Structures are given as C-alpha cells and as structure tokens.
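Enquirer: Make a model of this:
(chains A and B)
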There are 2 protein chains.
Amino acid sequence: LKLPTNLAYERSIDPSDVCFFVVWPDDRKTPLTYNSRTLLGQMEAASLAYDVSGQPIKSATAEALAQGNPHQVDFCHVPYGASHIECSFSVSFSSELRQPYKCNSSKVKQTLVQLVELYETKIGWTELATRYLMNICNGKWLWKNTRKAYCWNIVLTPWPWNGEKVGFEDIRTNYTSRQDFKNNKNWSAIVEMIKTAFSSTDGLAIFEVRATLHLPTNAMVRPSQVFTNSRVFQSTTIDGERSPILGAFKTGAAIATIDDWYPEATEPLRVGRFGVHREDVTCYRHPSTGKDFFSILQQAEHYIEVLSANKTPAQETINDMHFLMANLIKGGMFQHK
Amino acid sequence: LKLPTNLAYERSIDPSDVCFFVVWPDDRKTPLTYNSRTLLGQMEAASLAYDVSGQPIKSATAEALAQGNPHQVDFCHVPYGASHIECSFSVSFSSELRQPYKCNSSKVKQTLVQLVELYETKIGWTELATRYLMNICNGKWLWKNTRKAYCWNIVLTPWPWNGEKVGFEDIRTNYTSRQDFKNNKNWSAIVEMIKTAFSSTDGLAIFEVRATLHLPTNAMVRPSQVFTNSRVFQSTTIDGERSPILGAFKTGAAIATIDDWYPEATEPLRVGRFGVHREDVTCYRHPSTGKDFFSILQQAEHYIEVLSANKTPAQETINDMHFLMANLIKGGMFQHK
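Expert: Numbering: from 1, shown residues only, chains lettered A, B, ... in the order given. And now the structure:
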C-alpha cells in the first residue's frame, strides 16, 4: 500500500473535560478550586552541586546547598468537610472510522472502507469496544486520583438507552478484571451499544460518566497540568469560579489506553502509531520493528486477503489489526507530504 | 454559446455568520468563548519517523519519537451547567439570478435570462427551493456540531411571513427525509416563499434561523477554523466578548450542498463549476466529462430548445438544467479572458 499525500481520519471517541465537583454532607455540590502556593524546597537538583561527567561544583559548597529555593506550584485538595468528590464528563462513540475524513487517492480509500468492514465481520467490534469501555467504567480517566483513594464509583448514563443508570460501585474491590465487568447486568447492553456505534454508518453512543470518589481527609487532587509556576493546573470556570479539570485530551489518552499488543507486551499503552511509553520514554512499535502503524498500514491489502479467507487468522495478525483499527479510531493524518 | 469576456452573477443565497450562544437553565444567553490550550501530542506524523519511499529516518530513534511535541489549539466547548447551545443566523434568498450582474454580450445575457424564464415556467423552482431549504431546516450549517448531539431544533422565522414561527424539532429523529419535511404544516408555505423570491423580479425571502442544540456535558463545539497555533478558530465579538462562529461562506457552502447530480452520483456536493469534493479531494464534473458548468453552459441554447418543446424533458437534461440554475444561484464570474 502506498501512503497517499492526503489521508486523514476523524476521531471516533470524543471525550469531554472532566469537571471536578465537591459533594458535602448536605449533598450540595460546589466546583473544586485550586490555589497557588509557594514552597521552600531544598537544593536537590543534581545540576546544582554536580557538574556533568560526575564533577562536584566547587562554588556549590556546604554553605550554598543550604539556601533553599522557592518554587511556586498550584495546589488543589479536597476541602475538609467534603463528603466526596464528583468527576463528571461525557464521551461519545461515533462511526467516524468507517470512511476516512480525507483521501486524495480513492484506491487507498477502498482498501480502508473495506478493511473496517471485513474487520467487523470476521473479528467483531466487541474486543476494542470492551477495552475502550473498561477504561470508562473503571476509573482510568481519573488518572492518579484513584491511586490513593478509598473507593470510586462510576455511574454511567448511555444516551440511546432505555433502562436505569448503569453503576459500577467500589471499582477497587469488585471490578478488578474484564470478567468482573462482564458480570454486570448492564455490561453487555453497553458494549453492544458501542459496537453498534462503530458499525452503523451514522449511529453514535453518548455516555455521561460520573465518578463519586471518596478520598481521604484533605486529600490532594491531581488534575491535568498546562504546558510550558513549576506546576500550573489546567482549569475551566464553573459557576463563575475557576476549577481544575482533567483535560479532554488527557481523558481521551486515558480511555484509549488499550494497546497491549506489541513486542514484550507488558501493560496497556496509549494507541499511537509508534507505541510510545510515556513513563519509560522508549517507544515500542518503533518503525525499525515491523509494528508501527505505518508499517502495518502498508500491509493493509495483505490483511484484507487474510480476513477475506475462511480460516480464522493467527492471533498475531489479529492483534496487529486490532492495533490498526484502534489507531483508526484515534484518528489523525495518515499521510506523508 | 462562447463564453463572454465579462459575465458575472451576484449570488442569491446570502447567509450570515452563525453566532453561537450558551443558554443556561435559567434561560439567559451568553456567547460561547474559546481559549487557546497547549496540548502535548506524541510524535505521530509519518514524516517524523519515515522518509518518502518508506525509508525509516535514522535520527528518529525510539527516544526521538518519545519526545512529546507541543501543539497550541483553540478549544471551544459547551460550559458545564449550560442548558443548551443556540446557533443563530439569517439567510436571504433573492432573485439575483434572473439577470446576469454583468454581461458585455447582449446575446449571452438574453439567452440566459430566457433560459432562467424557461426553467421557471417548465421545471418550477420547487426543486432547487426545497433542496436549498432542507439544508436550512435540518441542521446542515451546523456542520460537525450535530454529529454527536442529543437533539437539535431549527426554529425558522421568514420575513415576508404572516403566521407563527416554523419549528423543526428533534431533526435527528423526526425530519430525516424530504417527505418528513413536507409533512410540516408550514413547509409548503416556505418552499413557495423561496420560489417566489426566485421568481418575482425584485422580491426576496429573508429567513432567520435559530437552532437549539443539546450537546452532552462539556461537549466540544466545532466552529470554523481560520486560514493559516495548529487550530485557530474563526470568531466574532458578541457582547464585547470573542465568540467562535461558522463563517458566512461555510454556512453558504452548507446550504448549497445540494449537487447530487453528477456522474456516479453518491452524496450531495457543494454546487461548483467543476464539482469538487473535499473529502476525496478529486473533482467530479471535471471538464473531461460533459458535466462541468462551462460545458453545460456552452449548451445553453440546446437547453432552451429542449425546454421550449412541449414534451417533458429527460431526467438527465433536467439534472443538467438543475445544476446550471444552482450554479447561477451561487453566482460568480463565468468569463474567460
């Protein structure tokens, strides 16, 4: 397959900013608020006392590393009398991966608007839909706030939905796996809706997610920081007062942490062309290995002929095409100018 | 009909910028406002790791693709507690297609005025009028905003009007086809108003449209970008506050995406000389097919003698006639120096 000079995809999952609210014992709600603090940190930086090649700076004497340095940081935390903290956002699944947003070459358009179809026919949407939905239903958009917490509950409201709200209580204890999610009475009724929103050419599935998070006393809340204080928070204005948020793109990067299929598959990565592990920077699915998205998109017709056959393919190629479809769902410009 | 050196038409469909408002549950309106966020994307471009002809860049090491590249984007979204988002504009239909705005050739001018008159008498305006009006009455000028939306209602107040204002509720469900629009009690009284603005020599039909759009919480709004951040919104200043808008020409392209008449007709295109598609960039109605505007305008006398006959014309020639009159409604300079 040749990479056309104009090939864009539009994202299928659209998540919204996670508004943070504080719920008091009288069950009234009030948006969180962060305030800028100034800290007197120690001279802990290695570049201060040390030079490169392991050389101690001579001016940085035992008198110099004494004088602490001030750093201004934003600071947010659950107020004292707060019963819990709510976290609300919305996420819409649409079928914007069926057809490319742009394609200057129609030949490469048929091999994609068919790749998706033969995918859904042979290897249904249930895998990616379930993976995307687990991150919705287990707090993963609540990135680190769920790390040191008592319990967080995901109350979920699907839009083209008939029954009552679908809850996920104490995710730390019950919903610790895929099967524990499946055991929910309404789990299948939701993965079905997501996989419908992916097949139907103009269908969608809007979820409104609301996490009640029981943090300890005065517990520090971690919202998203802004890009280049040594810690500036990303905020909206609710009720006319500023309030921290986990950004829409942070939430999207959270929901789209399904990519576990790669060499030395260890834990889910955010779906991207070259699977970039943000913590240990080295990106897996480097182009030097045959696992980046542009090397597996080059083999799109090979995957067409593999799924068009009668036999169910190998798990290797089915995981490769899972990653292909997840990268299509992420959207983006699959082009090279 | 050889193309004169001066032949311009003034447009007939004059739409305005789509002002965005946020209607709060207390029923007060405040214009939207966007702010320039700065995202940390990954190294996602194909050009960053691959050279042309599929050659992996050597300096694009695993740690080289790890670095997150900043991207400043304008973000607009519905505020948290907003009841909904209103979208208001005004579109005026006029008979600025009857006579050419400028025509240095008295023969080409009269052979087009006679063409428009024969069109009006033979194949009435109720075909382009209803298609132009459907794009107004179903949110189509709300380009991507109605994609992931609970509902949208188009309330439409015609200017030379006598009754009550014309509602089009829950268009995602109710008004999904042409007959669904025709079932409106005021639909005929509006398509006739449009076809009277096109027939009467100096009459006009001013419509004021207001679409209440029910998005999910914090739902991202997609207004028009500007022509080059990485995404700069096109905005006005409502109430002294910058507010994103859909440009007048974006809204005009929306109302005039009626050209479903072309070789391998699939879905409606924006009425243009050589009907270009922006999704699959290639241009239908290329001059190599006899469907471009200057190839079916060169045959204006043929359509005169066809519509002058008593028999009902073919559907193919009547589609050519439709495209011709729609492209005259769009206006422009049909000249060749």
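Enquirer: switch to C-alpha atoms for all contacts and neighbour counts from now on
Expert: OK.
Enquirer: a helix runs through residue A:47, doesn't it?
Expert: Yes: counting by DSSP: H, G, I helix; E, B strand; the rest coil, residue A:47 is part of a helix.
Enquirer: Can you get me a residue count around it?
Expert: Counted with other C-alpha atoms under 10 Å in any protein chain shown, residues neighbouring residue A:47 total 13.
Enquirer: Just name whatever secondary elements the strand or helix carrying residue A:36 is in contact with.
Expert: Assigned by DSSP states H and E, residue A:36 belongs to strand A:35-41. Here strand A:35-41 touches strand A:69-75, going by 3 or more C-alpha pairs under 8 Å, 6 or more residues apart in numbering or on different chains; DSSP states H and E.
Enquirer: Using CSV, write down the CA coordinates of the strand it packs on.
Expert: C-alpha atoms of strand A:69-75 as CSV (Å, rounded to 0.1, in the frame of the first residue of the first chain):
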residue,chain,number,x,y,z
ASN,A,69,15.0,27.6,46.7
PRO,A,70,11.4,28.7,46.3
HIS,A,71,9.1,27.1,43.8
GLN,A,72,5.6,28.2,43.1
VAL,A,73,3.1,25.4,42.4
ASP,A,74,-0.6,25.1,42.0
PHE,A,75,-2.2,23.1,44.8
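Enquirer: how far away is residue A:129 from residue A:315?
Expert: According to C-alpha to C-alpha, to the nearest Å, residue A:129 and residue A:315 sit 18 Å apart.
Enquirer: which parts of the strand or helix carrying residue A:167 are buried?
Expert: Following DSSP H and E, one finds residue A:167 within strand A:166-168. Within strand A:166-168, the residues scored as buried using 16 or more other C-alpha atoms under 10 Å in any protein chain shown are A:166, A:167, A:168.
Enquirer: re earlier: give me the distance from the strand holding residue A:36 to the chain's centre.
Expert: Relative to its parent chain, strand A:35-41 has a centroid offset of 30 Å by C-alpha atoms, centre = their mean, to the nearest Å.
Enquirer: Dump the C-alpha coordinates for that strand into PDB.
Expert: The C-alpha atoms that make up strand A:35-41 are tabulated as PDB, following Å, rounded to 0.1, in the frame of the first residue of the first chain:
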ATOM      1  CA  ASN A  35      -4.800  27.900  44.700                       C
ATOM      2  CA  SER A  36      -1.200  28.800  44.000                       C
ATOM      3  CA  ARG A  37       1.200  28.000  46.800                       C
ATOM      4  CA  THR A  38       4.900  28.800  47.200                       C
ATOM      5  CA  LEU A  39       7.200  26.100  48.500                       C
ATOM      6  CA  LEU A  40      10.700  26.300  50.100                       C
ATOM      7  CA  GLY A  41      12.300  23.300  48.600                       C
END
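Enquirer: List the buried residues of it.
Expert: Of the residues in strand A:35-41, none is buried (16+ other C-alpha under 10 Å).
Enquirer: same deal with stretch A:193-210?
Expert: For stretch A:193-210, by 16+ other C-alpha under 10 Å, it's A:193-199, A:203-210.
Enquirer: Most widely separated two among those residues?
Expert: A:199 and A:210 (26.5 Å; C-alpha to C-alpha).
Enquirer: thinking again about what came up before, out of the buried residues of stretch A:193-210, the closest to residue B:8 would be?
Expert: Nearest to residue B:8 among these, with distances taken as C-alpha to C-alpha, is residue A:203, at 42.7 Å.
Enquirer: Now the closest one: closest residue in space, sequence neighbours ignored.
Expert: Counting by C-alpha to C-alpha, 6 or more residues apart in numbering or on different chains, residue A:197 is the residue found nearest to residue A:203 once chain neighbours are left out, at 4.9 Å.
Enquirer: Give the next helix or strand downstream of the host helix or strand of that neighbour.
Expert: Using DSSP H and E, residue A:197 falls within helix A:188-199. Helices and strands here follow DSSP H and E; after helix A:188-199, the next one along the chain is strand A:204-214.
Enquirer: residues from the stretch 1-150 of chain A in reach of chain B?
Expert: A:15-17, A:19, A:89-90, A:92, A:94, A:100-106 (C-alpha under 8 Å from any C-alpha of the partner chain).
Enquirer: Please repeat the previous calculation with a cut-off of 10 Å.
Expert: Within the stretch 1-150 of chain A, the positions adjacent to chain B are A:2-3, A:6-8, A:14-19, A:88-94, A:96, A:99-106, A:109 by C-alpha under 10 Å from any C-alpha of the partner chain.
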